[PDB]
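A.B. asks: This is the structure, below, for whatever I ask next.
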Amino acid sequence: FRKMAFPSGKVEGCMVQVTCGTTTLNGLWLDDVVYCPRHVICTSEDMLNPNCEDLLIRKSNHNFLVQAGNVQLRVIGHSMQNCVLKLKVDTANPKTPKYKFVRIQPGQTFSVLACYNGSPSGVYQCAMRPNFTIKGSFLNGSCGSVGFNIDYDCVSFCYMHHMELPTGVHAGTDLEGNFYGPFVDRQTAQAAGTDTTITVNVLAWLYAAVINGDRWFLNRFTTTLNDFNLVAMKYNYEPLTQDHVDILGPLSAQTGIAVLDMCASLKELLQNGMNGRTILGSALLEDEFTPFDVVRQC
Amino acid sequence: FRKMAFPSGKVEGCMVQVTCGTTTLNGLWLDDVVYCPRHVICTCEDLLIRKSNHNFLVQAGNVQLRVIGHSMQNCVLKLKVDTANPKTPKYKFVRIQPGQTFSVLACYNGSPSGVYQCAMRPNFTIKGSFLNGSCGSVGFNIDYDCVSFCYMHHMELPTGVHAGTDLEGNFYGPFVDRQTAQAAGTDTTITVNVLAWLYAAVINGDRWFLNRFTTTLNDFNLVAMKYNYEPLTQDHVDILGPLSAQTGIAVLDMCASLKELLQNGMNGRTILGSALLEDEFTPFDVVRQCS
Ligand SMILES: COc1cccc2[nH]c(C(=O)N[C@@H](CC(C)C)C(=O)N[C@@H](C[C@@H]3CCNC3=O)C(=O)c3nc4ccccc4s3)cc12
Ligand SMILES: COc1cccc2[nH]c(C(=O)N[C@@H](CC(C)C)C(=O)N[C@@H](C[C@@H]3CCNC3=O)C(=O)c3nc4ccccc4s3)cc12
């Protein structure tokens, strides 16, 4: 199994740069609107004490330099939606793909297109941690890079990049500007909640092992969801939701292993350890492959 | 620090579907030529002379391109079409060296499916992710809007690793394009890349494996060969200079850390979240991402 990103071309065609004053970040150009982090308007003396909504009153359309490459897009309007700025431009992007804005749940994966000054630099897959951080690879100037999924040529944008935490993980918003997790867009050292293991993805990993014939961990036990969830928390595993049970349905049907039977198999692995054995060639359980990712590769 | 592929858009615009008889795979459309694995004509030289232009159905999305000529170059078929691809990037064909990395755009039925980074192994396989119908997917690097194509996909070995050709149709490794079970040579670990990745781990604040000891180059190499690692050359030492300059760790100091890692193991600890020594990041891969 590889971490595979989605092909990035439909998003590459949407990346622009937005400069206000001396600060440049990335923006997302869809139809005649450019989306970018609102703190592009911030000076060095703000950022610590964000006056963003009031800072915006002093700004006008002619203060924003939006560029596709070095071609300027004239801004004809602007507004703030939570932590994102929306700049109306006078040109509809001809490369606009079919798209949606979606808010993802912890455990879900998405492709990040890392960009600097409007120019795409690389692509890689990320997983939203239960503490609403991602293990990105972002440098100075990355803000406004986006994360996305592609289903039947429709691009679901789910992430825009804002911040690196002191611990080196990353935090951001959806495309309506609402942060994932308890972070704010201030120049300020913030702490995430203690992370946990993504149980639904570990289960998907065990299904992937079964599909490939590695199934020694299957047992003759089952569990209720409540009993499992209470044991899971004692090992710093996430509790399962009904939605988690539901997205494991296709893999359960494919292997003939009930979800609750697979939970009981994981419960044993958690209480008794791996006994030095391996699963898919590893003593470590992987929790960054979703059920959809597993069927994608199998 | 993450395994990072190049943005695939310039390549996606070149992928097409090629069908001949009951066989369908992917092709690469550059200017007015489509490049694809020659065995698209199989259900090859006597078999190709018996084919006509119209036996080939080439599709770019919905539109069909008209084949007006064809030639074979080694294991690649070159189909001349009557339409030029307007999205053709500036490009080059290159044959990569073992240990170098590239991005793969896995495609099915002419449609791009996923992108990920691979290394050309010392035994000239690659550890990819390819299914039925992935043949003709390509590997590439991007340098200032210029796409260097280096790989076209042909085969999956019984061990699950993969084999293919350069864009001249010459295989990497001792493989042939036949429906047979083929074994590769014994693989080794790319030493210069493991060292690059250990430097990456230092740049990202991971230091538990550093030590005070040092080693000579020959003594390191004696241990390296013992653990089935490739020799480290003075040119590799030179190539690691910048990363040594940034971190202030001499290359042979890092070699001493790798030697102890090899003789002692990691003791359950991890490096950049990995429990295994990683050898698919080149020194350039570390540099271009960390700066
Ligand atoms: C004492 O303050 C700290 C203490 C401990 C850890 C800390 N982290 C951050 C923090 O992340 N700040 C945000 C910015 C805030 C406003 C959301 C920020 O720099 N975002 C970057 C992406 C960063 C950069 C490095 N790789 C990461 O991904 C980004 O692109 C932006 N650059 C600018 C530059 C000027 C104006 C707007 C923006 S937005 C501050 C901080
Ligand atoms: C006794 O035979 C074996 C025994 C033990 C291991 C084996 N491996 C292979 C083997 O790899 N064959 C080649 C094809 C040969 C001709 C190069 C092949 O199937 N390539 C695939 C990609 C494959 C498929 C699975 N994932 C991989 O990446 C591709 O797309 C192509 N498909 C066809 C189908 C029909 C005609 C042309 C092509 S070209 C055969 C084999």
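Read top to bottom, the protein sequences are chains X and A. Using the UniProt record's numbering, read the first sequence as starting at 3266 and increasing by one per residue. Using the UniProt record's numbering, the letters of the second sequence correspond one by one to residues 3266 to 3308, 3317 to 3564. Every residue gets a Cβ at the ideal spot worked out from N, C-alpha and C, and that includes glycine.
So X:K3363 contacts chain A; which residues on that side make the cut at Cβ distance below 8 Å?
C.D. replies: Those within 8 Å of X:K3363 in chain A number zero; the least Cβ separation is about 14 Å.
A.B. asks: Can you list the residues of chain A that X:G3433 reaches, using a CB-CB cut of under 8 Å?
C.D. replies: Per Cβ cutoff of 8 Å: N3477, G3478.
A.B. asks: By alpha-carbon positions, which one of X:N3484, X:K3353, X:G3514, X:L3534 ends up nearest to X:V3496?
C.D. replies: It is X:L3534.
A.B. asks: Expressed to the nearest angstrom, what Euclidean distance is found between the alpha-carbon atoms of X:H3304 and X:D3319?
C.D. replies: Cα to Cα, X:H3304 sits roughly 12 Å from X:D3319.
A.B. asks: Compare the C-beta of X:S3402 with all C-beta atoms of chain A and state if any pair is closer than 8 Å.
C.D. replies: Chain A contact via Cβ: present.
A.B. asks: Using a Cβ-Cβ cut-off of 6 Å (strictly less than) and excluding sequence neighbours within five positions of X:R3368, which residues of its own chain qualify?
C.D. replies: Correct list, in chain order: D3439.
A.B. asks: Just to confirm the assignment, what range does the alpha helix (DSSP H) spanning X:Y3502 have?
C.D. replies: From DSSP, X:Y3502 is part of no alpha helix (DSSP H); its letter is neither H nor E.
A.B. asks: Please confirm if the segment 3321-3330 of chain X is in contact with the segment 3385-3392 of chain X, defined as three or more CB-CB distances below 8 Å between the two stretches.
C.D. replies: Flag = no, the segment 3321-3330 of chain X and the segment 3385-3392 of chain X do not touch.
A.B. asks: Based on DSSP bridge pairs, tell me the residues matched to A:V3281.
C.D. replies: The partner list for A:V3281 (beta bridge, DSSP) reads A:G3292.
A.B. asks: Please state whether DSSP places X:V3298 in a helix, a strand or coil.
C.D. replies: Of the three classes helix, strand and coil, the one that applies to X:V3298 here is strand, per DSSP.
A.B. asks: Would you list, in chain order, the members of the segment 3272-3302 of chain X that have their beta-carbon closer than 9 Å to a beta-carbon of chain A?
C.D. replies: Those would be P3272, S3273, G3274, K3275, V3276, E3277, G3278, in chain order.
A.B. asks: If you drop the 5 nearest sequence neighbours on each side, which residues of the same chain put their C-beta closer than 8 Å to that of A:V3560?
C.D. replies: Closer than 8 Å at the Cβ level, and outside the excluded window around A:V3560, lie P3515, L3516.
A.B. asks: Going by beta carbon distance, what residues of the same chain come within less than 6 Å of A:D3450, once the five residues before and after it are set aside?
C.D. replies: Answer for A:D3450: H3304, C3348, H3427, listed in chain order.
A.B. asks: Along the segment 3514-3535 of chain X, what residues have a CB closer than 7 Å to any CB found in chain A?
C.D. replies: Cβ contacts with chain A come from no residue of the segment 3514-3535 of chain X.
A.B. asks: Any heavy atom of ligand 1 closer than 7 Å to the CB of X:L3321?
C.D. replies: No; taking the cut-off as 7 Å, the Cβ of X:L3321 has no heavy atom of ligand 1 nearer than that.
A.B. asks: Can you tell me the Cα-Cα spacing of A:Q3507 and X:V3510, whole angstroms?
C.D. replies: For A:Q3507 and X:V3510, the distance between alpha carbons rounds to 55 Å.
A.B. asks: Count the other C-beta atoms from every protein chain shown that fall within 10 angstroms of the C-beta of X:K3363, then say buried if there are 16 or more, exposed otherwise.
C.D. replies: Burial call: exposed.
A.B. asks: With 8 Å set as the bound, which would you pick, yes or no: does the beta-carbon of A:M3345 sit closer than that to a beta-carbon of chain X?
C.D. replies: Output row for A:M3345: interface = no.
A.B. asks: Looking at C-alpha atoms only, which residue of A:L3352, A:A3523, A:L3545, A:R3480 is the closest neighbour of A:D3296?
C.D. replies: Of the candidates A:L3352, A:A3523, A:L3545, A:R3480, the one whose C-alpha sits nearest the C-alpha of A:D3296 is A:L3352.
A.B. asks: Distance check for X:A3357 and A:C3563, CA to CA, integer angstroms please.
C.D. replies: Computed Cα separation, rounded: 35 Å.
A.B. asks: Look at the Cβ atom of X:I3522, then the Cβ atom of X:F3482, and state whether they are nearer than 8 Å.
C.D. replies: Taking 8 Å as the Cβ cut-off, X:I3522 and X:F3482 do not qualify as a contacting pair.
A.B. asks: Let me know the secondary structure DSSP gives A:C3528 once reduced to three states.
C.D. replies: The answer is helix: DSSP assigns A:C3528 an H, G or I state.
A.B. asks: Span of the beta strand (DSSP E) holding A:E3429?
C.D. replies: 3419-3429 is the extent of the beta strand (DSSP E) around A:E3429.
A.B. asks: What in chain A is Cβ-close to X:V3388, meaning under 8 Å?
C.D. replies: The answer, in chain order, is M3269, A3270, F3271, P3272, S3273, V3388.
A.B. asks: If you draw a straight line from the alpha carbon of X:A3333 to that of X:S3410, how long is it in whole angstroms?
C.D. replies: Cα to Cα, X:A3333 sits roughly 15 Å from X:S3410.
A.B. asks: The beta strand (DSSP E) with X:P3385 in it runs from where to where?
C.D. replies: Element bounds for X:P3385: 3384-3392.
A.B. asks: Does the count of Cβ pairs from the segment 3279-3296 of chain A and the segment 3488-3505 of chain X closer than 8 Å reach three?
C.D. replies: No: fewer than three Cβ pairs fall under 8 Å.
A.B. asks: A:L3404: beta carbon under 7 Å from a heavy atom of ligand 2?
C.D. replies: A:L3404 Cβ: within cutoff of ligand 2.
A.B. asks: For X:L3321, return the contacting residues in chain D, with the cut-off set at a CB-CB distance below 8 Å.
C.D. replies: No chain D is part of this structure, whose protein chains are labelled X and A.
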